[PDB]
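Below you'll find the structure, written out as structure tokens, and then a few comments.
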Amino acid sequence: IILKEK
Amino acid sequence: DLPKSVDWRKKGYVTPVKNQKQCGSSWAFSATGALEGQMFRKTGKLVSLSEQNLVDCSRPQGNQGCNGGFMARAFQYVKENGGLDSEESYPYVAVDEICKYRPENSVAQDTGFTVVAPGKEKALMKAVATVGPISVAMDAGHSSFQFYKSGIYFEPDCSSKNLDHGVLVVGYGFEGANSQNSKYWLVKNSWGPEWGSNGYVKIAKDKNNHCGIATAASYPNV
């Protein structure tokens, strides 16, 4: 799970 | 029973508002915020922790530095690594750099973390009230959020499942005299004190997990 921030 | 309102900033658990700048590291600021509250509870000392330490060193746990990551992965890194450096010893530069973790500069540790049951705002309320500030993911990709200024934030386009920003719930409350109406989560962001309300936002609470606040919340075990 990873927050795609860019 | 649980308190009607909680604000951990009034108890010394929260550092001043930081700024991630042009780096997609909100996940790192959310993780350090939660860790700063737990360390304060354990030792009575508030010490600003290194987001850069997380940005540069946690790729093995699945984080992607300035491109993204997750708070639970950061707590895992802290656990596997045996520590986390202070901000003053490992400053923030908003760019992916070489891992320079120094054990002698570590001022925090965790043994893993606890997850709040997904989608349960009441469980998130119980965690906030009993533990301290909680790391949460939310859907922040809205111009209404970018330009947020005061009041309770409520956005029809918000998703409870497609999330893209890590923040820190430092409390909750309500507006007026009735504790069950116009409720909100007190959330610390990492866009500097000039954004929102001195760097904070009140997100609508008990409105079907608005913006996914309770979809992926967790906290470190210290």
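Every chain in the structure tokens takes a letter, A first, then B, and so on in the order presented; its residues are numbered from 1, and the ligands are numbered from 1 following the presented order.
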
Inset, instruction - Would you mind writing down, as an NGL selection string, each residue of stretch 141-170 of chain B that DSSP on the backbone assigns to alpha helix (DSSP H)? - result: :B and (143-146)

Any chance you can output those residues with N, CA, C and O atoms as a short mmCIF file (atom, residue, chain, number, x, y, z; two decimals), in the first residue's frame?
```
data_model
loop_
_atom_site.label_atom_id
_atom_site.label_comp_id
_atom_site.auth_asym_id
_atom_site.auth_seq_id
_atom_site.Cartn_x
_atom_site.Cartn_y
_atom_site.Cartn_z
N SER B 143 -9.29 20.92 -5.43
CA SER B 143 -8.88 22.30 -5.27
C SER B 143 -9.54 22.90 -4.04
O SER B 143 -9.02 23.84 -3.50
N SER B 144 -10.67 22.36 -3.61
CA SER B 144 -11.33 22.90 -2.44
C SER B 144 -10.42 22.69 -1.22
O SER B 144 -10.45 23.48 -0.32
N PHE B 145 -9.67 21.61 -1.20
CA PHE B 145 -8.78 21.34 -0.09
C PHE B 145 -7.54 22.22 -0.21
O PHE B 145 -7.05 22.76 0.75
N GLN B 146 -7.04 22.37 -1.39
CA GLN B 146 -5.88 23.18 -1.60
C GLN B 146 -6.17 24.63 -1.13
O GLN B 146 -5.35 25.26 -0.51
#
```

Inset, instruction - Among the residues of stretch 1-191 of chain B, find those DSSP assigns to strand (DSSP E) from the backbone and print them as JSON, numbers by chain. - result: {"B": [6, 7, 68, 69, 84, 85, 106, 107, 108, 113, 114, 115, 134, 135, 136, 137, 138, 152, 153, 165, 166, 167, 168, 169, 170, 171, 172, 173, 174, 183, 184, 185, 186, 187, 188]}

Kindly export the residues of the current selection with N, CA and C atoms, as an mmCIF file, in the first residue's frame.
```cif
data_model
loop_
_atom_site.group_PDB
_atom_site.id
_atom_site.type_symbol
_atom_site.label_atom_id
_atom_site.label_comp_id
_atom_site.auth_asym_id
_atom_site.auth_seq_id
_atom_site.Cartn_x
_atom_site.Cartn_y
_atom_site.Cartn_z
ATOM 1 N N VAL B 6 -11.397 16.180 22.090
ATOM 2 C CA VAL B 6 -10.017 15.863 22.405
ATOM 3 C C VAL B 6 -9.150 16.753 21.527
ATOM 4 N N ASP B 7 -8.077 17.332 22.112
ATOM 5 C CA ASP B 7 -7.160 18.122 21.297
ATOM 6 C C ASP B 7 -5.779 17.895 21.917
ATOM 7 N N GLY B 68 6.294 9.008 -2.900
ATOM 8 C CA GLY B 68 5.180 8.442 -2.173
ATOM 9 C C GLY B 68 5.575 7.381 -1.178
ATOM 10 N N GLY B 69 4.632 6.922 -0.408
ATOM 11 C CA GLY B 69 4.923 5.907 0.575
ATOM 12 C C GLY B 69 3.740 5.729 1.487
ATOM 13 N N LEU B 84 15.156 5.983 14.791
ATOM 14 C CA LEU B 84 14.852 7.131 13.912
ATOM 15 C C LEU B 84 15.517 8.361 14.448
ATOM 16 N N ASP B 85 16.237 9.122 13.585
ATOM 17 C CA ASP B 85 16.971 10.276 14.023
ATOM 18 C C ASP B 85 16.104 11.559 14.285
ATOM 19 N N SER B 106 19.623 8.659 17.217
ATOM 20 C CA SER B 106 18.249 8.170 17.306
ATOM 21 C C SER B 106 17.593 8.607 18.606
ATOM 22 N N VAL B 107 16.369 9.168 18.470
ATOM 23 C CA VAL B 107 15.609 9.626 19.633
ATOM 24 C C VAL B 107 14.206 9.003 19.657
ATOM 25 N N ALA B 108 13.974 8.034 18.813
ATOM 26 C CA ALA B 108 12.707 7.327 18.783
ATOM 27 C C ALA B 108 12.838 5.849 18.363
ATOM 28 N N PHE B 113 3.373 -1.607 14.842
ATOM 29 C CA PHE B 113 2.287 -0.617 14.945
ATOM 30 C C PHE B 113 0.949 -1.319 15.079
ATOM 31 N N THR B 114 -0.114 -0.560 15.450
ATOM 32 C CA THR B 114 -1.494 -1.052 15.547
ATOM 33 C C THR B 114 -2.330 -0.383 14.477
ATOM 34 N N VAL B 115 -3.175 -1.126 13.792
ATOM 35 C CA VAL B 115 -4.073 -0.591 12.781
ATOM 36 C C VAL B 115 -5.477 -0.428 13.364
ATOM 37 N N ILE B 134 -3.134 10.121 15.742
ATOM 38 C CA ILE B 134 -3.194 8.905 14.902
ATOM 39 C C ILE B 134 -2.846 9.245 13.465
ATOM 40 N N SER B 135 -2.011 8.391 12.796
ATOM 41 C CA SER B 135 -1.710 8.647 11.349
ATOM 42 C C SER B 135 -2.876 8.195 10.453
ATOM 43 N N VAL B 136 -3.352 8.992 9.520
ATOM 44 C CA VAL B 136 -4.445 8.580 8.644
ATOM 45 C C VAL B 136 -4.164 8.990 7.202
ATOM 46 N N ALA B 137 -4.738 8.238 6.270
ATOM 47 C CA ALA B 137 -4.680 8.585 4.846
ATOM 48 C C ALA B 137 -6.000 9.203 4.465
ATOM 49 N N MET B 138 -6.002 10.080 3.475
ATOM 50 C CA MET B 138 -7.219 10.746 3.035
ATOM 51 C C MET B 138 -7.076 11.073 1.560
ATOM 52 N N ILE B 152 -15.736 23.640 8.721
ATOM 53 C CA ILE B 152 -15.682 22.207 8.548
ATOM 54 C C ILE B 152 -15.598 21.846 7.095
ATOM 55 N N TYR B 153 -14.565 21.096 6.735
ATOM 56 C CA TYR B 153 -14.344 20.743 5.335
ATOM 57 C C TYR B 153 -15.237 19.612 4.912
ATOM 58 N N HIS B 165 -2.950 11.083 0.347
ATOM 59 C CA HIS B 165 -2.222 12.050 1.239
ATOM 60 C C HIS B 165 -2.246 11.543 2.673
ATOM 61 N N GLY B 166 -1.106 11.581 3.349
ATOM 62 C CA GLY B 166 -1.059 11.167 4.769
ATOM 63 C C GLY B 166 -1.076 12.426 5.628
ATOM 64 N N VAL B 167 -1.919 12.384 6.675
ATOM 65 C CA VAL B 167 -2.075 13.505 7.624
ATOM 66 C C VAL B 167 -2.113 12.956 9.055
ATOM 67 N N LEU B 168 -2.332 13.827 10.032
ATOM 68 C CA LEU B 168 -2.344 13.392 11.405
ATOM 69 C C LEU B 168 -3.550 13.884 12.146
ATOM 70 N N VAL B 169 -4.362 12.955 12.674
ATOM 71 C CA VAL B 169 -5.549 13.399 13.436
ATOM 72 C C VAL B 169 -5.054 13.628 14.871
ATOM 73 N N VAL B 170 -5.159 14.894 15.322
ATOM 74 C CA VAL B 170 -4.674 15.259 16.653
ATOM 75 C C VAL B 170 -5.850 15.425 17.621
ATOM 76 N N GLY B 171 -7.066 15.237 17.156
ATOM 77 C CA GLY B 171 -8.193 15.366 18.059
ATOM 78 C C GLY B 171 -9.458 15.330 17.229
ATOM 79 N N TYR B 172 -10.551 15.683 17.927
ATOM 80 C CA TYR B 172 -11.869 15.776 17.330
ATOM 81 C C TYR B 172 -12.770 16.681 18.187
ATOM 82 N N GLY B 173 -13.858 17.114 17.645
ATOM 83 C CA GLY B 173 -14.751 17.967 18.403
ATOM 84 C C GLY B 173 -16.047 18.240 17.668
ATOM 85 N N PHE B 174 -16.714 19.284 18.106
ATOM 86 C CA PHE B 174 -17.990 19.638 17.487
ATOM 87 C C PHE B 174 -18.195 21.122 17.547
ATOM 88 N N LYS B 183 -19.897 17.672 13.880
ATOM 89 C CA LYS B 183 -18.651 17.099 14.379
ATOM 90 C C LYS B 183 -17.515 17.155 13.402
ATOM 91 N N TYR B 184 -16.309 17.101 13.930
ATOM 92 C CA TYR B 184 -15.176 17.140 12.996
ATOM 93 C C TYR B 184 -13.943 16.497 13.596
ATOM 94 N N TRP B 185 -13.047 16.071 12.698
ATOM 95 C CA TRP B 185 -11.707 15.583 13.066
ATOM 96 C C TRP B 185 -10.743 16.805 12.923
ATOM 97 N N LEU B 186 -9.846 16.945 13.920
ATOM 98 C CA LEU B 186 -8.812 18.031 13.909
ATOM 99 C C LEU B 186 -7.602 17.358 13.276
ATOM 100 N N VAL B 187 -7.217 17.840 12.127
ATOM 101 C CA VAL B 187 -6.148 17.234 11.345
ATOM 102 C C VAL B 187 -5.021 18.227 11.081
ATOM 103 N N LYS B 188 -3.815 17.749 11.353
ATOM 104 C CA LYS B 188 -2.583 18.530 11.098
ATOM 105 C C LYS B 188 -2.097 18.118 9.713
#
```

Legend entry - Neighbours of chain A in chain B at 10 Å, counting only C-alpha atoms, as a PyMOL selection string: chain B and resi 22-27+62-73+137-139+141+162-166+216

What does the file look like for those residues with N, CA and C atoms, as a PDB file, in the first residue's frame?
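Final output, saved to again_9.pdb:
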```pdb
ATOM      1  N   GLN B  22       7.994  20.647  -2.239  1.00  0.00           N
ATOM      2  CA  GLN B  22       7.769  19.912  -3.469  1.00  0.00           C
ATOM      3  C   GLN B  22       8.052  18.421  -3.467  1.00  0.00           C
ATOM      4  N   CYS B  23       8.141  17.817  -2.345  1.00  0.00           N
ATOM      5  CA  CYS B  23       8.411  16.408  -2.233  1.00  0.00           C
ATOM      6  C   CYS B  23       7.147  15.665  -1.785  1.00  0.00           C
ATOM      7  N   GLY B  24       6.806  14.546  -2.435  1.00  0.00           N
ATOM      8  CA  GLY B  24       5.620  13.806  -2.047  1.00  0.00           C
ATOM      9  C   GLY B  24       5.884  12.933  -0.837  1.00  0.00           C
ATOM     10  N   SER B  25       6.145  13.583   0.268  1.00  0.00           N
ATOM     11  CA  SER B  25       6.437  12.929   1.517  1.00  0.00           C
ATOM     12  C   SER B  25       5.435  13.094   2.655  1.00  0.00           C
ATOM     13  N   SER B  26       4.180  13.374   2.350  1.00  0.00           N
ATOM     14  CA  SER B  26       3.194  13.541   3.412  1.00  0.00           C
ATOM     15  C   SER B  26       3.178  12.320   4.313  1.00  0.00           C
ATOM     16  N   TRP B  27       3.387  11.173   3.729  1.00  0.00           N
ATOM     17  CA  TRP B  27       3.401   9.933   4.477  1.00  0.00           C
ATOM     18  C   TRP B  27       4.444   9.965   5.582  1.00  0.00           C
ATOM     19  N   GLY B  62       9.256  -0.574   1.042  1.00  0.00           N
ATOM     20  CA  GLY B  62       8.278  -0.248   0.051  1.00  0.00           C
ATOM     21  C   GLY B  62       8.006   1.213  -0.121  1.00  0.00           C
ATOM     22  N   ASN B  63       8.656   2.099   0.625  1.00  0.00           N
ATOM     23  CA  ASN B  63       8.350   3.505   0.405  1.00  0.00           C
ATOM     24  C   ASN B  63       9.090   3.985  -0.825  1.00  0.00           C
ATOM     25  N   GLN B  64       8.631   5.067  -1.410  1.00  0.00           N
ATOM     26  CA  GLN B  64       9.236   5.636  -2.602  1.00  0.00           C
ATOM     27  C   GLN B  64       9.723   7.074  -2.450  1.00  0.00           C
ATOM     28  N   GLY B  65      10.276   7.386  -1.306  1.00  0.00           N
ATOM     29  CA  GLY B  65      10.787   8.720  -1.033  1.00  0.00           C
ATOM     30  C   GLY B  65       9.881   9.865  -1.413  1.00  0.00           C
ATOM     31  N   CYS B  66      10.353  10.775  -2.246  1.00  0.00           N
ATOM     32  CA  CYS B  66       9.565  11.908  -2.676  1.00  0.00           C
ATOM     33  C   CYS B  66       8.458  11.561  -3.641  1.00  0.00           C
ATOM     34  N   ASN B  67       8.353  10.300  -4.009  1.00  0.00           N
ATOM     35  CA  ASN B  67       7.306   9.925  -4.918  1.00  0.00           C
ATOM     36  C   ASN B  67       6.146   9.334  -4.158  1.00  0.00           C
ATOM     37  N   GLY B  68       6.294   9.008  -2.900  1.00  0.00           N
ATOM     38  CA  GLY B  68       5.180   8.442  -2.173  1.00  0.00           C
ATOM     39  C   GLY B  68       5.575   7.381  -1.178  1.00  0.00           C
ATOM     40  N   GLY B  69       4.632   6.922  -0.408  1.00  0.00           N
ATOM     41  CA  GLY B  69       4.923   5.907   0.575  1.00  0.00           C
ATOM     42  C   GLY B  69       3.740   5.729   1.487  1.00  0.00           C
ATOM     43  N   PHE B  70       3.925   5.027   2.566  1.00  0.00           N
ATOM     44  CA  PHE B  70       2.856   4.794   3.503  1.00  0.00           C
ATOM     45  C   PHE B  70       3.309   4.809   4.930  1.00  0.00           C
ATOM     46  N   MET B  71       2.448   5.303   5.829  1.00  0.00           N
ATOM     47  CA  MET B  71       2.857   5.350   7.207  1.00  0.00           C
ATOM     48  C   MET B  71       3.196   4.030   7.883  1.00  0.00           C
ATOM     49  N   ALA B  72       2.387   3.000   7.613  1.00  0.00           N
ATOM     50  CA  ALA B  72       2.685   1.686   8.217  1.00  0.00           C
ATOM     51  C   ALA B  72       4.065   1.181   7.767  1.00  0.00           C
ATOM     52  N   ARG B  73       4.437   1.478   6.517  1.00  0.00           N
ATOM     53  CA  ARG B  73       5.773   1.075   6.051  1.00  0.00           C
ATOM     54  C   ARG B  73       6.819   1.869   6.795  1.00  0.00           C
ATOM     55  N   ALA B 137      -4.738   8.238   6.270  1.00  0.00           N
ATOM     56  CA  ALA B 137      -4.680   8.585   4.846  1.00  0.00           C
ATOM     57  C   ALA B 137      -6.000   9.203   4.465  1.00  0.00           C
ATOM     58  N   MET B 138      -6.002  10.080   3.475  1.00  0.00           N
ATOM     59  CA  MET B 138      -7.219  10.746   3.035  1.00  0.00           C
ATOM     60  C   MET B 138      -7.076  11.073   1.560  1.00  0.00           C
ATOM     61  N   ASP B 139      -8.194  11.407   0.957  1.00  0.00           N
ATOM     62  CA  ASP B 139      -8.219  11.889  -0.421  1.00  0.00           C
ATOM     63  C   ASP B 139      -8.131  13.432  -0.386  1.00  0.00           C
ATOM     64  N   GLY B 141      -6.824  15.291  -3.068  1.00  0.00           N
ATOM     65  CA  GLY B 141      -6.723  15.866  -4.399  1.00  0.00           C
ATOM     66  C   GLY B 141      -7.884  16.683  -4.889  1.00  0.00           C
ATOM     67  N   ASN B 162     -10.078   5.909  -2.691  1.00  0.00           N
ATOM     68  CA  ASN B 162      -8.897   6.278  -3.474  1.00  0.00           C
ATOM     69  C   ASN B 162      -8.233   7.414  -2.697  1.00  0.00           C
ATOM     70  N   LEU B 163      -7.241   7.091  -1.923  1.00  0.00           N
ATOM     71  CA  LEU B 163      -6.487   8.053  -1.076  1.00  0.00           C
ATOM     72  C   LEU B 163      -5.103   8.412  -1.587  1.00  0.00           C
ATOM     73  N   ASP B 164      -4.626   9.629  -1.283  1.00  0.00           N
ATOM     74  CA  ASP B 164      -3.364  10.068  -1.859  1.00  0.00           C
ATOM     75  C   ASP B 164      -2.566  11.001  -0.928  1.00  0.00           C
ATOM     76  N   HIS B 165      -2.950  11.083   0.347  1.00  0.00           N
ATOM     77  CA  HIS B 165      -2.222  12.050   1.239  1.00  0.00           C
ATOM     78  C   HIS B 165      -2.246  11.543   2.673  1.00  0.00           C
ATOM     79  N   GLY B 166      -1.106  11.581   3.349  1.00  0.00           N
ATOM     80  CA  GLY B 166      -1.059  11.167   4.769  1.00  0.00           C
ATOM     81  C   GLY B 166      -1.076  12.426   5.628  1.00  0.00           C
ATOM     82  N   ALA B 216      -7.568   3.930   6.540  1.00  0.00           N
ATOM     83  CA  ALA B 216      -6.248   3.373   6.742  1.00  0.00           C
ATOM     84  C   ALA B 216      -5.471   4.097   7.840  1.00  0.00           C
TER      85      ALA B 216
END
```

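Proximity to residue B:111 was assessed for B:132, B:82, B:3, B:12 counting only C-alpha atoms; the smallest distance is recorded for B:82.
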
Inset, instruction - Excluding residue B:191 and any residue of its chain fewer than 5 positions from it, enumerate the residues within 8 Å of it, using only C-alpha atoms, and give them as an MDAnalysis selection string. - result: chainID B and resid 17:21 199

Residues at most 9 Å from residue B:117, counting only C-alpha atoms, excluding those fewer than 6 positions away in the same chain, as a compact mmCIF listing (two decimals) with C-alpha atoms, in the first residue's frame?
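out16.txt, written as the output of this step:
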```txt
# COMPACT_ATOMS: atom_id res chain seq x y z
CA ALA B 123 -12.90 2.94 16.32
CA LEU B 124 -10.74 5.89 15.11
CA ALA B 214 -10.75 6.09 8.90
CA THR B 215 -9.92 3.80 5.97
CA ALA B 216 -6.25 3.37 6.74
CA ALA B 217 -5.39 4.72 10.18
```

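The smallest atom-to-atom distance between residue B:105 and any of B:127, B:55, B:79, B:47, using only C-alpha atoms, is found for B:47.
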
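Counting from atom CA of residue B:61, the distance to atom CA of residue B:99 is 13.7 Å.
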
List the spatial neighbours of residue B:220 as a PDB file with N, CA, C and O atoms, in the first residue's frame - criterion: any atom at most 7 Å away, only C-alpha atoms, same-chain residues fewer than 6 positions off excluded.
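As a result, out.pdb now contains:
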```pdb
ATOM      1  N   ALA B  34       2.867  11.014  14.375  1.00  0.00           N
ATOM      2  CA  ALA B  34       2.365   9.987  15.299  1.00  0.00           C
ATOM      3  C   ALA B  34       3.438   9.531  16.226  1.00  0.00           C
ATOM      4  O   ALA B  34       3.188   9.288  17.429  1.00  0.00           O
ATOM      5  N   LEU B  35       4.682   9.350  15.723  1.00  0.00           N
ATOM      6  CA  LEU B  35       5.787   8.958  16.561  1.00  0.00           C
ATOM      7  C   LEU B  35       6.217  10.011  17.632  1.00  0.00           C
ATOM      8  O   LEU B  35       6.624   9.688  18.761  1.00  0.00           O
ATOM      9  N   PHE B  75       6.613   2.962   9.930  1.00  0.00           N
ATOM     10  CA  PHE B  75       6.769   2.399  11.263  1.00  0.00           C
ATOM     11  C   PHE B  75       7.510   1.068  11.218  1.00  0.00           C
ATOM     12  O   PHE B  75       8.241   0.727  12.137  1.00  0.00           O
ATOM     13  N   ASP B 110      10.160   2.067  17.753  1.00  0.00           N
ATOM     14  CA  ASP B 110       8.844   1.418  17.853  1.00  0.00           C
ATOM     15  C   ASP B 110       8.983  -0.098  17.645  1.00  0.00           C
ATOM     16  O   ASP B 110      10.012  -0.574  17.143  1.00  0.00           O
ATOM     17  N   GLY B 112       6.616  -1.939  16.040  1.00  0.00           N
ATOM     18  CA  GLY B 112       5.658  -2.285  15.035  1.00  0.00           C
ATOM     19  C   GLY B 112       4.562  -1.261  15.235  1.00  0.00           C
ATOM     20  O   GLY B 112       4.808  -0.171  15.762  1.00  0.00           O
ATOM     21  N   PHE B 113       3.373  -1.607  14.842  1.00  0.00           N
ATOM     22  CA  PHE B 113       2.287  -0.617  14.945  1.00  0.00           C
ATOM     23  C   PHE B 113       0.949  -1.319  15.079  1.00  0.00           C
ATOM     24  O   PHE B 113       0.856  -2.528  14.826  1.00  0.00           O
ATOM     25  N   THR B 114      -0.114  -0.560  15.450  1.00  0.00           N
ATOM     26  CA  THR B 114      -1.494  -1.052  15.547  1.00  0.00           C
ATOM     27  C   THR B 114      -2.330  -0.383  14.477  1.00  0.00           C
ATOM     28  O   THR B 114      -2.199   0.829  14.262  1.00  0.00           O
TER      29      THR B 114
END
```
